[PDB]
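K.L.:
Need a 3D model of the sequence below.
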Amino acid sequence: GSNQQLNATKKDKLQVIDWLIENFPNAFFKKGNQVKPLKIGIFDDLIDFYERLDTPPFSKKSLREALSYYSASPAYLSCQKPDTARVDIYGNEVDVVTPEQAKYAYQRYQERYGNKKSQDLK
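P.N.:
Residues are numbered from 1 along each chain as shown. Let me share the structure:
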């Protein structure tokens, strides 16, 4: 019967994401395979908790830049599923990713994990 905490591993880039994931446990995911879409602008909501630290190490820039990598993960994009009802840091239910904006994730997937190109008009 004791308290527990699990921050840091290796990469500081993943550490900031892993830290925020443990800070607000109402909705987050460590493994990319089970990750899901989050509330719009959730980083702006979450960064508030980084300002609570007595000695904030990796500034807001690194935190967002690293979180950008998780939203760019293959699984996240490959799992584009609209009409899902995301959640915020407080755990409140939010609106959904629309069908056009959700499918758009495929471009981001092929951009780095593929080799396809657009066309031009006749």
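K.L.:
can you list the residues that contact stretch 83-102?
P.N.:
Contacts with stretch 83-102, where a contact means C-beta atoms under 8 Å, 6 or more residues apart in numbering, come from 24, 26-27, 36-40, 42, 45-46, 49, 80-82. Any C-beta I mention is one placed from the backbone N, CA and C, and that applies to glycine too.
K.L.:
List buried members of the residues you listed by neighbour count.
P.N.:
Burial by neighbour count, judged by 16 or more other C-beta atoms under 10 Å, picks out 24, 27, 37, 38, 39, 42, 46, 80 from the contacts of stretch 83-102.
K.L.:
Where do the helices of this protein begin and end?
P.N.:
12-23, 42-50, 60-71, 74-78, 99-103, 105-113 (DSSP state H).
K.L.:
Redo those helices as a markdown table? Include distance to residue 92.
P.N.:
Below are the helices of the chain laid out as a markdown table (distance: least, C-beta to C-beta, whole Å):
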| stretch | distance to residue 92 |
| --- | --- |
| helix 12-23 | 16 |
| helix 42-50 | 11 |
| helix 60-71 | 20 |
| helix 74-78 | 21 |
| helix 99-103 | 21 |
| helix 105-113 | 24 |
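K.L.:
quick one, which of the ones you listed is nearest to residue 31?
P.N.:
helix 74-78 (8.4 Å; C-beta to C-beta).
K.L.:
buried sites along that closest one?
P.N.:
Neighbour counts over helix 74-78 (16+ other C-beta under 10 Å) mark 76, 77 as buried.
K.L.:
Report the distance from that helix to the chain centre.
P.N.:
Relative to its parent chain, helix 74-78 has a centroid offset of 11 Å by C-alpha atoms, centre = their mean, to the nearest Å.
K.L.:
now what about that helix, what contacts it?
P.N.:
With C-beta under 8 Å, 6+ apart, helix 74-78 has contacts from 32, 33, 35, 37, 70, 105, 106, 108, 109, 113.
K.L.:
which outside residues touch stretch 35-42?
P.N.:
Residues contacting stretch 35-42 (C-beta under 8 Å, 6+ apart): 27-29, 45, 70, 73, 75-76, 79, 81, 84, 86-89, 94, 97, 102.
K.L.:
Fine, thanks again, bye for now.
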